[PDB]
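Each chain gets a letter, A, B and so on, in the order the sequences are listed, and its residues count up from 1.
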Amino acid sequence: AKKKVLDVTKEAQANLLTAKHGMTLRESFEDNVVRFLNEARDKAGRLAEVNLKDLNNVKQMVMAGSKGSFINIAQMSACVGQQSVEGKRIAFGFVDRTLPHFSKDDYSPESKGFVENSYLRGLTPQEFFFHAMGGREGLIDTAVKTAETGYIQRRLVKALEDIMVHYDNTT
Amino acid sequence: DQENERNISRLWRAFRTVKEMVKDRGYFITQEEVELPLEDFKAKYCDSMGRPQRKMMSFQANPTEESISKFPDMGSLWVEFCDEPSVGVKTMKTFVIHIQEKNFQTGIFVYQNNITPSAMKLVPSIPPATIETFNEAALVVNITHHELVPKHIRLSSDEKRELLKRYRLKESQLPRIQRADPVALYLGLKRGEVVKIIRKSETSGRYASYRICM
Amino acid sequence: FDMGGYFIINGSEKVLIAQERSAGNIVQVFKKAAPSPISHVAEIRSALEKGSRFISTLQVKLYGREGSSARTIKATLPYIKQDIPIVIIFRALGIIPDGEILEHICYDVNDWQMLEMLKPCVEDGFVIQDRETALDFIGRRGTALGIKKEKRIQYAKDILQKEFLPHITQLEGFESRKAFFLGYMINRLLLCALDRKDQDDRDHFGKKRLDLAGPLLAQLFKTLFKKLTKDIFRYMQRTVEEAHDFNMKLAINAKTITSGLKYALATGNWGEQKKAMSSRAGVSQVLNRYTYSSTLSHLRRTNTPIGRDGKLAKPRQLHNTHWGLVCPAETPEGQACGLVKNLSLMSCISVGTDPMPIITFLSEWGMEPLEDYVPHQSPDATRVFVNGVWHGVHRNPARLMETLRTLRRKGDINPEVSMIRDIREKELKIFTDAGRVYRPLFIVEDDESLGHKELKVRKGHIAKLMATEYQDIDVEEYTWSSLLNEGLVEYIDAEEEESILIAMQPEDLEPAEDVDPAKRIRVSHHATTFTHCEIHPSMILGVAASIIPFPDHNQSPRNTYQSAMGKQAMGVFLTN
Amino acid sequence: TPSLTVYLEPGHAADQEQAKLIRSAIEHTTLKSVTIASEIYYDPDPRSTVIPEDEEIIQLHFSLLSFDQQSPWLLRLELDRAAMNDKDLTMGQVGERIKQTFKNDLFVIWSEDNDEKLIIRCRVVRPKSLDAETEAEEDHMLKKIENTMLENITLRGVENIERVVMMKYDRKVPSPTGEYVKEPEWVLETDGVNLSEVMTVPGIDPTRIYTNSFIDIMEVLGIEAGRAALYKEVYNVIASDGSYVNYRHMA
Amino acid sequence: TXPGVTXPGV
Amino acid sequence: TXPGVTXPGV
Amino acid sequence: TXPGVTXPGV
Amino acid sequence: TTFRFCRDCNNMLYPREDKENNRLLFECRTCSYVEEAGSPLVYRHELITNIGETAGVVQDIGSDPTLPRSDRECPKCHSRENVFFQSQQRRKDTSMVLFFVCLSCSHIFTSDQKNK
DNA sequence: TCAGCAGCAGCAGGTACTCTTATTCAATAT
RNA sequence: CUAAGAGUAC
DNA sequence: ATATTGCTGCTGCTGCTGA
Ligand SMILES: [Zn+2]
Ligand SMILES: [Zn+2]
């Protein structure tokens with residue numbers, strides 16, 4: 001999958017890539033790269049799940065439906081995956097690069113937040129930092145969502161509090 | 001003449017929607033006139049030069065027997081199409097005096113672009129004659145044929161009284177429909193008149209609601 | 001085991017949380033939203049350290065949307081009710097010809113796009129053709145409107161001398177420097193408008209400063225010492241109006257300073273007691289003593305005063321420039337998530353030094369003064385900045401950077417001073433002020449003996465460090481300052497970190513490159529042009545996260561949870 | 001994200017080229033997305049030009065081509081070949097559109113599509129009334145004309161249509177033998193809402209048109225249709241994450 | 001108007 | 001509005 | 001008028 | 001466009017219509033300086049700008065360690081080593097085509113295929 | 001019977017629950 | 001009493 | 001010597017001759 005992403009990058013840099021109707025060249029390139037990386041992680045996770053025996057305890061819990069999912073097995077055993085902030089890959093916080101350990105204009109999967117290591121194998125420092133950015137996004141989203149849902153729920157309940165079914169079946 | 005072709009096609013669609021509106025209002029319009037084909041319309045209401053004519057496109061309608069039995073206080077109706085893009089005061093005055101002298105309780109005016117406010121002010125004529133103005137662009141597509149739009153049926157006075165009696169309702173306790181709603185304009189609702197709305201529910205097959213015009 | 005670093009006010013241990021703020025004397029350009037009539041705004045929060053220390057914001061705004069035809073640039077001078085056109089400002093500073101003004105703003109004759117975008121300004125300002133007339137125009141637009149006609153000029157001159165770009169100078173006779181800086185600001189604004197550079201990132205940690213106990217107490221004492229000196233005057237004038245003998249003991253009032261400082265440290269409200277409800281709150285907090293690590297993390301805490309109820313998420317997100325300076329996973333999890341941060345283990349904050357010796361060094365080493373700089377005769381010249389003040393230009397910046405680096409690495413220049421060379425932008429920025437957050441790194445040199453890049457530090461230095469540590473548990477002591485003074489390690493802040501290439505580990509990245517399948521997958525980066533090396537990656541974590549075992553085998557929110565939950569752990573907080 | 005959905009006429013649902021025709025018909029394109037650049041030159045006489053590049057263009061057009069009242073100032077527009085390629089536009093169409101939008105007040109000529117450079121030359125015809133101050137601002141007048149010719153005029157499509165994309169959906173059509181078979185159709189998704197003008201475009205199915213903006217649905221179709229659209233939007237929100245809520249609550 | 005709800009005018 | 005969500009206006 | 005309250009006219 | 005300035009007071013010159021000779025003129029707005037017109041172009045507006053993509057190239061661009069290196073053919077020196085960077089035009093619709101500067105000749109060559 | 005334009009200015013912010021800490025001065029007259 | 005801060009479960 | 005007083009959300013009018 002990394003080789004496929006490299007080939008797509010080579011085509012894009014040679015301008016031979018044609019833009020999808022309705023978006024710019026860069027957006028089409030990013031869409032293709034993200035799709036390839038996501039399907040790579042899914043395929044690796046499917047291989048890992050198929051390998052696991054019926055006596056595997058995590059497999060048993062997933063089979064029962066008590067706890068866990070396929071994505072958890074994939075991330076713990078096969079590959080953590082692609083880290084995203086605001087629905088996009090890790091942005092260039094520095095000038096044209098994500099971290100000062102990469103060169104300028106690096107669009108490779110490892111440069112913009114693809115974590116190819118599982119949790120069992122452990123994360124390299126750059127992958128660790130990108131994962132921290134993603135987790136921070138998740139925490140902020142949860143903290144915003146709870147307050148927004150509380151406000152909306154109060155307003156809805158106040159609006160509809162007086163609606164009742166009467167004895168002629170009208171509401 | 002691609003512009004002329006699109007103009008005549010749009011005019012034909014507008015004519016079809018106007019006939020459909022008049023038929024739905026409860027007047028005697030035969031089904032054949034509604035479904036008139038394009039070639040027949042071009043042969044009849046368009047000249048040899050290709051420019052459609054609007055003066056002979058106007059027509060008159062009368063209530064049917066069932067509507068007379070149900071609505072015994074409504075009579076003949078007149079529909080007029082104008083030629084000039086902006087209808088002047090003189091033309092509107094001729095239209096209103098013709099409506100008055102022909103004893104029509106309702107008359108629909110159709111215009112190309114706009115009505116000057118100097119004529120908009122005199123649009124409300126001497127009662128009980130009511131003037132309703134429509135735009136051709138707004139009448140190209142019959143909105144009532146959209147699947148989102150359910151069935152609207154105007155209720156008679158006796159039906160409204162029975163409805164309020166059976167449900168023990170006051171006038172204001174009914175759901176409201178504005179007297180500018182596109183279907184309300186289509187059916188010519190006046191304030192105080194109740195439309196029954198038949199809807200295809202998904203919990204029951206049929207659901208009947210009611211909306212009072214405001 | 002107690003580390004200090006806190007005050008004892010009324011028997012209570014109080015710690016001053018670091019306060020994050022936007023850096024001063026930096027030109028920042030921001031795009032504006034569609035509804036606003038101004039499209040781009042270039043602003044500088046000018047402030048002088050050795051003076052009134054008053055904040056005066058200059059905004060050079062660009063009116064008109066993209067599709068609009070009248071695109072005029074207007075500046076917002078302080079104490080003026082209207083946004084004066086920029087060309088009027090140049091004419092008031094003493095630059096009458098339009099050719100000179102356009103030379104000051106634009107540095108390239110071939111850049112006809114900028115001239116096309118800038119012509120509406122001179123078209124608008126054609127009505128004024130004289131310096132005295134321009135000063136009269138500014139006075140007429142002057143918001144005071146309480147001055148007679150021929151005395152408006154004095155008010156306009158005072159505005160342009162003491163309120164316009166105070167960080168350059170407050171004296172008279174330095175109009176050319178201020179005109180050059182205004183041209184530079186407008187040049188940056190137009191570069192952003194011309195779709196040549198992106199709008200400045202508000203979250204860039206190199207554009208932020210942390211006020212520690214020092215500056216906070218400094219500005220608090222100034223207000224308190226101003227009140228005392230003013231009170232001496234009212235007494236001196238009263239005791240001189242009554243014709244009585246003056247005694248110094250009666251004039252002074254120690255309760256003023258004492259009570260003000262005690263109240264400001266006892267309560268979070270940071271200022272005067274009557275100025276409460278308008279002063280920042282929560283600056284000083286009761287020191288946490290539940291556990292030792294809780295005390296440490298509290299003593300290394302930074303707060304960002306953005307609302308906390310605001311619904312914007314960008315200030316809270318973990319920025320890229322936070323690498324190695326704040327802990328990636330050590331934030332509170334409620335409404336202060338991301339707004340409250342914790343320093344990394346090895347990150348430091350500068351205390352500030354005097355910039356005059358560096359200015360003397362630059363003048364000695366061949367910096368051309370800005371007064372006699374003609375861009376046409378020197379097109380490819382590099383602009384040199386010191387603490388945000390444009391001091392001149394240099395024609396051979398490479399040799400200048402080489403000698404500055406050599407001076408800083410031998411101890412002649414203070415290691416806290418940060419020097420950045422932007423080759424693409426052709427700029428040289430030197431910062432010495434307080435508040436900058438930096439970290440140490442290994443320096444990598446050519447090493448012609450081995451023919452490849454290698455760390456400057458070798459086994460001899462490690463042996464000397466080990467010997468000194470063993471003796472502590474006689475030779476010349478080999479401490480951290482020994483490494484610093486011998487040019488083995490370096491201090492880099494987020495600004496300088498933009499212009500360097502760092503190796504994550506020395507073994508796998510410096511030398512030119514059957515593997516254990518259990519080991520994690522690592523890359524060689526296929527590039528050898530490194531300038532620095534990380535001392536250890538694990539130093540990106542803070543005090544609370546450094547307790548977690550195998551944090552890189554964990555999901556990140558779990559690490560954040562543990563960092564927050566280890567401060568509630570029960571143990572021995574002190575031995576006494 | 002105001003978006004609109006268009007369904008084609010049933011008789012030509014699977015006709016891909018008819019879908020392309022409808023997509024081109026409703027999509028909004030202006031000169032701003034076509035013109036590469038604009039220039040203002042000086043020509044002493046409006047028969048032979050002083051620019052050698054369009055000297056070939058004039059030895060086509062001036063050879064092909066009252067002229068005593070034409071301004072010496074000239075406005076030149078360079079277009080993009082690729083923009084003329086990915087969008088179904090040609091030189092004659094844009095020339096006709098400019099001539100229509102600026103009446104007779106602008107003498108317009110356009111390079112033929114087979115020329116190496118797509119060039120349009122426009123002069124401001126001089127009204128027979130002589131002007132002493134408009135001549136001085138003829139540069140300014142031509143700039144104003146150029147400004148209202150870049151963003152204020154439209155080549156094709158209805159307004160508020162940012163971008164149209166075509167998709168292949170699969171609906172359930174009752175087969176002539178009785179069953180419900182999977183029949184594919186071509187459906188247009190549109191950024192921007194102009195329901196009143198899109199609905200009347202020939203070639204589409206006016207009945208089945210739908211919009212995310214239930215306000216537009218309510219103000220075009222009615223209060224009942226607005227209620228139905230509101231329910232559909234609430235249902236999409238609820239079922240976006242896969243949750244199921246009984247009908248009566250949202251109703 | 002006002003402001004709010006200058007003048008009119010000015 | 002409000003606050004929150006003055007007035008308007010004021 | 002004016003503007004405000006061109007001309008008239010222009 | 002090549003805007004030029006007066007040589008008497010160093011003030012801007014505006015283009016002007018000439019009646020006697022029917023030619024473009026350039027006039028000063030304060031001292032009345034008059035001279036001929038070098039070119040007929042008086043106004044240029046780029047909707048799609050091509051220049052500025054290679055902006056920022058300096059004689060010592062190779063001293064920047066952050067810039068990536070490559071061994072691609074140089075069609076003026078046939079050397080391998082060079083520094084490469086993407087387009088400097090920060091418009092969001094620009095292409096991802098790369099630019100290369102040889103560190104021994106300072107010739108800029110792109111990776112484009114339609115251009116080549 | 002119709003074509004062209006403008007002005008301004010204002011804060012709080014989901015539901016419960018636990019704990020700690022500090023709280024406005026100085027001068028004049030009876 | 002007021003104000004401020006640290007929190008816990010969502 | 002002791003007590004009184006100095007990010008988010010909108011809202012509305014005035015005016016013709018000329019050509
Ligand atoms: Zn001159
Ligand atoms: Zn070369």
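Across K:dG6 and I:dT15, the matching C1' atoms stand 45 Å from one another, rounded to whole Å. Nucleotides J:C10 and I:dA12 are separated by 31 Å at their P atoms, to the nearest Å. Between the P atoms of K:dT2 and I:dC19, the separation comes to 41 Å (whole Å).
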Pairwise N/O distances under 3.5 Å, protein to nucleotides 19-28 of chain I:
residue: I:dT24; atom: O3'; partner: C:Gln273; partner atom: OE1; Å: 3.3
residue: I:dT24; atom: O3'; partner: C:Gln273; partner atom: NE2; Å: 3.4
residue: I:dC25; atom: OP1; partner: C:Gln273; partner atom: OE1; Å: 2.9
residue: I:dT28; atom: OP1; partner: C:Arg238; partner atom: NH2; Å: 2.9

Distances under 3.5 Å between nitrogen or oxygen atoms of protein and nucleotides 7-10 of chain J:
residue: J:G7; atom: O3'; partner: C:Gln568; partner atom: NE2; Å: 3.4
residue: J:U8; atom: OP1; partner: C:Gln568; partner atom: NE2; Å: 2.6

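Side-chain atoms of C:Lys311 lie closest to I:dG13 of the nucleotides I:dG13, I:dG14, I:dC8.
Between C:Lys567 and C:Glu330, at least one side-chain nitrogen of the basic residue sits less than 4.0 Å from a carboxylate oxygen of the acidic one, meeting the salt-bridge criterion. Under the 4.0 Å criterion applied to side-chain N and carboxylate O atoms, C:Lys274 and C:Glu272 are assigned as salt-bridge partners.
Among residues two or more places apart in sequence or in another chain, the side-chain contact (heavy atoms from CB on, under 4.5 Å) test is passed with A:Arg154 by A:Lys158. In terms of the side-chain contact (heavy atoms from CB on, under 4.5 Å) criterion, residue partners of D:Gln69 (sequence neighbours excluded) are, by chain and number, D:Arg126, D:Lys128. With sequence neighbours left out, C:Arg45 forms a side-chain contact (heavy atoms from CB on, under 4.5 Å) with C:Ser22, C:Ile55, C:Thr57.
Sorted by first then second residue, the salt bridge (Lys or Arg N to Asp or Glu O under 4.0 Å) pairs that include residues 275-289 of chain C, not counting sequence neighbours, are C:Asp2-C:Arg289, C:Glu13-C:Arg289. The list of side-chain hydrogen bond (donor to acceptor under 3.5 Å, both in side chains) pairs with a residue in residues 28-39 of chain C, not counting sequence neighbours, reads C:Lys31-C:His40. Residue pairs meeting the salt bridge (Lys or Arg N to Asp or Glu O under 4.0 Å) criterion with at least one partner in residues 136-145 of chain A, sequence neighbours excluded, are absent.
A sub-4.0 Å separation between OP1 or OP2 of J:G5 and a side-chain N or O of C:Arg308 is absent.
In this structure, K:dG6 forms a base pair with I:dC25, meeting either the Watson-Crick or the G-U wobble geometry with both donor-acceptor distances under 3.5 Å. Nucleotide I:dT1 forms no Watson-Crick or G-U wobble pair with any nucleotide shown, as no partner meets the under 3.5 Å limit on both distances. Nucleotide I:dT20 forms a pair with J:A4, judged by Watson-Crick or G-U wobble geometry with both contacts under 3.5 Å.
Sugar pucker annotation for K:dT5: south, assigned from a negative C1'-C2'-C3'-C4' dihedral. Sugar puckers are classed by the sign of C1'-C2'-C3'-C4'; that of I:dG14 comes out north, on the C3'-endo side. A negative value of the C1'-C2'-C3'-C4' dihedral assigns I:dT20 to the south, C2'-endo side.
Note on C:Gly268: nothing from the nucleic acid sits closer than 4.0 angstrom, heavy atoms only.
Summarising the geometry, the separation between CG on C:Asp203 and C1' on K:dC7 is reported as 13 Å, rounded to the nearest angstrom.
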Donor-acceptor pairs are to be reported for all side-chain atoms of residues 260-271 of chain C against protein atoms at under 3.5 Å, with residues two or more places apart or in another chain.
residue: C:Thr267; atom: OG1; partner: C:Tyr263; partner atom: O; Å: 2.9
residue: C:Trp270; atom: NE1; partner: C:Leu216; partner atom: O; Å: 3.4

